[PDB]
Amino acid sequence: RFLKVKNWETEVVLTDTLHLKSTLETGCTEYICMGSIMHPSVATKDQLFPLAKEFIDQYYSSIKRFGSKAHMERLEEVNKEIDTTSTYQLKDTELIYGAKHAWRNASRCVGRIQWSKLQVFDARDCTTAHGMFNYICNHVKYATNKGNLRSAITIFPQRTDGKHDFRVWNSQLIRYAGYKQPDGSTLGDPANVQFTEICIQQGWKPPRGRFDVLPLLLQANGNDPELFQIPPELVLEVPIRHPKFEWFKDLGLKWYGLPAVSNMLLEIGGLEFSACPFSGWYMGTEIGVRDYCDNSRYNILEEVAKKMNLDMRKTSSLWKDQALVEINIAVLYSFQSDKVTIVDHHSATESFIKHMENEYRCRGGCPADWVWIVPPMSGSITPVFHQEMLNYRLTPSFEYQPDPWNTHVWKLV
Amino acid sequence: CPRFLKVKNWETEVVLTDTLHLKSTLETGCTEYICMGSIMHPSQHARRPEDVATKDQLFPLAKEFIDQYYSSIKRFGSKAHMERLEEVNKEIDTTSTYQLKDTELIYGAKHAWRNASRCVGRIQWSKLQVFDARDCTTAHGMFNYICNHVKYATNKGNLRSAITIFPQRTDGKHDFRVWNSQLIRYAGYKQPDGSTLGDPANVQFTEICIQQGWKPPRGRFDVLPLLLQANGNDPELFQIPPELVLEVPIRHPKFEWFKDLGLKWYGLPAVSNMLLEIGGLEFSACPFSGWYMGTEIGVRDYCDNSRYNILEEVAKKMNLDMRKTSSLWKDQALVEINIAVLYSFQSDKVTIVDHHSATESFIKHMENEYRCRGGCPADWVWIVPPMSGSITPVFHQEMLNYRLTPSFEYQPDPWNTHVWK
Ligand code: HEM
Ligand code: HEM
Ligand SMILES: Cc1cc(N)nc(C#CCN2CCC(F)(F)CC2)c1
Ligand SMILES: Cc1cc(N)nc(C#CCN2CCC(F)(F)CC2)c1
Ligand SMILES: C[C@H](O)[C@H](O)[C@H]1CNc2nc(N)[nH]c(=O)c2N1
Ligand SMILES: C[C@H](O)[C@H](O)[C@H]1CNc2nc(N)[nH]c(=O)c2N1
Ligand SMILES: [Zn+2]
């Protein structure tokens, strides 16, 4: 089997053979497409052998040592551990490779041209929440790099029996707090209200402001999670101003420089790393469109249009669209002026097309999620809009997992 | 088709439960392992084989549709339904095809629209004027029917949705075709240097027209002649009477210089290259029209790189930092252009809907359909507008895609498959 994808802007046609090696479901059936479903729907000894074999096979294939003496001994050694301990431990090389390929396989990530420049911090020796904090701070400092951002991941001990999971309860390492007011309004980031309430309950004393960096909520070895404040000198932040509108800085807007997803699960050879925060740098629209302009988020469109003296009486004036662009200009200009790494959605999508072409050539394809790859603004004027994409699930993979507070059974009475 | 599939709106948390998908009939192109939701044409799964079907091939599809239609009018198993089956059975027994009742044709056309998972406009789906052109025998007659469609649908700017349905496919050698992709489109000319004048999408069709003897005025907005094929014969050129072609000169409510770009668009989007499939019958010529979502013109027609590509020209006039992309100069000009398109259509009282109104309407339609029908097939990739997607409600709306019949289908451009006489 082969599959063609076509770019309708360039008429380039790529041939995906890589899809033959996927194994878990898309969620789609032969007769329904679930391409727009956000989330469609611990291993025994016997479940774990084939998964581990598959991963050791492809690692050794990647490094041109398939069938080698070292490949067969590694395969045998993995089976022993799974026989002995019902699990096994990745070598450091495998762990680095697994983590880079999970990023490589992230069909929803437009920034994968960078996938092989990933700093892997092996934190599998970690045993307590303080340890996770230290590991995470070092991650933050290294990744932030005074604004010259570097992609990195810190991998904490894999799942064992599901009762001793490591988790970062934060969804990102740096996020702003959300407080719902009695009058119904929200101060700060409405997306983080629930998690803010959990922190407050765990003892966090909130500054109750608009951009309070949340504390880390860290869970080691299935124990109750524990609060830590990131040292403020490690939280690099960019105050948002506009190159044309002097009044823009008076919105008091800022964002953090470091996007650092911490709520996902890293799966490598059947091993599950429930705590694996990873970071890169922002595409402008993540902040300028979603964080700032989703009605469920900071919802600054009416404020910005107001200060632009836009006619907001009818939608067809396109005051929202107009305000959105300026906000996104400001975000990009702000970051670039403070020499904090950021990519505009045009640059980001252009590189992804180049990445996707290269991936088809050397790897035989590139699973890609159009719903996610296409930026949330100016969709068709980016090249990815016109690029057909095949979506399929390769492993190593980043996986969603339940929020820890829906599953954690609390220890201390 | 599992057991009952929920879709959630992540802006409102509204969850809708889908059972309609059980009635899905042909493959989406996806599998458990690979999703083709961004493939323009993912499947080749037809209800019936390409050529003159046998009885056991056509009748089951006919039985399905007639069953569906009589069910729709609460007459399942009734006298008329059981006669209709026997009638279709004899008809197929004798002519290898069958003819639709007017009611059935109208039902079928509206449900093809209703089932068009890619159409954001389907809240209107039952307000569709159906012109029966199944008595048409020549390209001239096709021109007459089309002009009447255009005039009725245009309605002096108060646009009305319409479909005109020419005789169905019989053996495949006697197809009626509108060779135009839309009834009204602008020519595209390849320039001596290498660039393109007019609309690059239509260069090939423009060439067939010139090659067929059309005298190109060779402008940027030359309304293409109709190229109509009746009963498999060679297609014939007809000039649509310009008084029937409503056009809007694009100006801006603030940029008085915008009028001087010399841009205009036509008022009536009228898809004419698609196939309407009903109970196994195949209407290869079925021009349908409604009215524009502004972004179709302002974003795609005007701003695609392989279309009119007016961005840099408009950006220049705006005095925009065009050195680097991070200035978002494209994004900024894009918004101004779409303000202009909407402002111009509305100033001339020509029906148009912005992408905010349209998407909000479609959310409402989805809700209605889950209420009454138990589901609504929707192609998120096509529904979400090509600009400002996430500030429209449909970006945050999960959608299930599945293929219901009756339906509109793509079909090969006739010049790939037509043997001239
Ligand atoms: C280097 C710069 C990077 C850029 C510019 C980038 C860009 C993006 C963007 C725009 C998204 C969509 C986010 C959203 O709209 O919510 C995304 C998703 C994602 N990225 Fe990247 N990314 C980068 C680095 C990374 C790294 C280093 C990893 C992992 C090692 C990664 C893994 C993922 C995953 C798993 C998703 C899906 C997240 C989800 O499903 O919620 N990315 N990326
Ligand atoms: C009445 C106002 C209507 C509006 C505002 C509307 C809106 C749209 C838009 C924006 C698209 C996507 C076009 C593109 O990006 O290429 C579309 C596609 C489509 N519409 Fe509608 N539409 C309308 C009427 C109709 C009617 C009357 C029919 C059929 C009787 C119809 C059937 C379809 C179909 C089949 C598609 C898919 C076209 C394709 O796959 O190439 N629409 N519609
Ligand atoms: C490494 C990286 C770089 C970048 N620019 N974006 C992302 C992302 C994302 C998606 N994000 C949605 C919100 C969340 F659930 F909190 C975490 C997941 C990740
Ligand atoms: C009835 C109607 C209303 C509306 N507003 N848009 C459409 C459309 C379309 C899709 N279009 C793509 C380009 C084409 F192939 F040339 C013709 C078909 C249809
Ligand atoms: C309903 C839809 O699946 C949902 O809104 C998706 C759309 N595409 C997205 N794309 C990105 N990059 N991030 C998102 O959160 C979403 N949300
Ligand atoms: C590759 C991709 O499917 C293609 O560019 C699609 C994307 N979504 C679209 N959506 C609409 N409404 N119209 C289109 O032509 C397209 N093109
Ligand atoms: Zn799919």
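Throughout, protein chains are lettered first and strands after them, A, B, ... in sequence-line order, and every chain is numbered starting at 1. Counting starts at 1 for both ligands and their atoms, in listed order. Side chains are part of it too, since the values below use all heavy atoms of this structure and drop only hydrogens, waters and symmetry mates.
- Distances below 4.0 Å separate heavy atoms of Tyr400(A) from the following atoms of ligand 1: 39 (C), 40 (O), 41 (O).
- Some N or O of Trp103(A) is nearer than 3.5 Å to an N or O of ligand 1, by distance alone.
- For the residue pair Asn105(A) and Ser397(A), no side-chain donor N or O sits within less than 3.5 Å of a side-chain acceptor on the partner.
- Taking every non-hydrogen atom of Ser151(A) and a distance limit under 4.0 Å, the qualifying atoms of ligand 1 come out as 1 (C), 27 (C).
- Shown in contact with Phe408(B) at under 4.0 Å from a heavy atom are these atoms of ligand 2, numbered in order with element: 29 (C), 30 (C), 35 (C).
- Any N or O atom pair closer than 3.5 Å counts here, and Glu296(B) shares no such pair with ligand 2.
- Side-chain atoms of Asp321(A) and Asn338(B), non-hydrogen and from C-beta on, never get closer than 4.5 Å to each other.
- The backbone and the side chain of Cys119(B) each have at least one atom closer than 4.0 Å to an atom of ligand 2 (non-hydrogen atoms only).
- Atom 7 (C) of ligand 1 has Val110(A) CG1, 3.7 Å as its closest protein atom, hydrogens excluded (heavy atom only).
- You'll find the ring centres of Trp380(B) and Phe395(B) inside the 6.0 Å limit.
- In summary, the atoms of ligand 1 found under 4.0 Å from a heavy atom of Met283(A), numbered by their order in the structure, are 10 (C).
- The closest side-chain donor-acceptor pair between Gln401(A) and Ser274(A), if any, does not fall under 3.5 angstrom.
- Considering both main-chain and side-chain atoms, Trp281(A) comes within under 3.5 Å of ligand 3 through a nitrogen or oxygen pair.
- Counted by atom type alone, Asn295(A) and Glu11(B) present one or more donor-acceptor pairs between their side chains at under 3.5 Å.
- Defined by atom type and a distance below 3.5 Å, a donor-acceptor pair is present between the side-chain atoms of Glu398(B) and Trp10(B).
- At a 4.0 Å cut-off, not a single heavy atom of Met264(A) sits close enough to ligand 3 to count as contact.
- Note that CE of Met366(B) and OG1 of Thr359(B) are 12.5 Å apart. Values are rounded to the nearest 0.5 Å.
- Protein non-hydrogen atoms do not reach within 4.0 Å of atom 12 (C) of ligand 3.
- A heavy-atom separation below 4.0 Å is not found between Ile163(B) and ligand 2.
- Closest to atom 4 (C) of ligand 1, if we only count protein heavy atoms, is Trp281(A) O, 3.3 Å.
- Residues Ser326(B) and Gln336(A) bring a donor and an acceptor atom of their side chains to less than 3.5 Å of each other.
- For atom 34 (C) of ligand 1, the nearest protein heavy atom (residue, atom name, distance) is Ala106(A) CB, 4.0 Å.
- Taking a 4.0 Å cut-off on heavy atoms, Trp125(B) fails to register as neighbouring ligand 2.
- Given atom 7 (C) of ligand 3, the protein heavy atom at minimum distance is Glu286(A) OE1, 3.7 Å.
- Residue contacts with ligand 2 for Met274(B) involve side-chain atoms from C-beta outward but no N, CA, C or O (heavy atoms, distance under 4.0 Å).
- Atoms of ligand 1 lying under 4.0 Å from at least one heavy atom of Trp372(A), given by number and element, are 12 (C), 14 (C), 16 (O), 39 (C), 40 (O), 41 (O).
- Between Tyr135(A) and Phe156(A), the two ring planes are perpendicular [angle over 60°; tilted spans 30° to 60°].
- By heavy-atom distance, the residue among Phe362(B), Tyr292(B), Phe288(B) lying nearest atom 30 (C) of ligand 2 is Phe288(B).
- We find that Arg122(B) and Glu369(B) are not joined by a salt bridge, their nearest charged nitrogen and carboxylate oxygen being 4.0 Å or further apart.
- Judged by distance alone, the side chains of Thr154(A) and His139(A) do bring a donor and an acceptor atom under 3.5 Å apart.
- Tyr186(B) and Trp265(B) are not linked by any side-chain donor-acceptor pair at a separation below 3.5 angstrom, with hydrogens and angles left out of the test.
- If you run side chain to side chain contact (heavy atoms under 4.5 Å, CB included) between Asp354(B) and each of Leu342(B), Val341(B), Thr392(B), only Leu342(B) comes through.
- Put simply, no part of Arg122(B) is less than 4.0 Å from ligand 2, judged by heavy atoms.
- Within the listing of ligand 1, atoms 27 (C) sit less than 4.0 angstrom from a heavy atom of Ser279(A).
- The option from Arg108(A), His345(A), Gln119(A) that lies nearest to atom 37 (C) of ligand 1, judged by heavy atoms, is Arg108(A).
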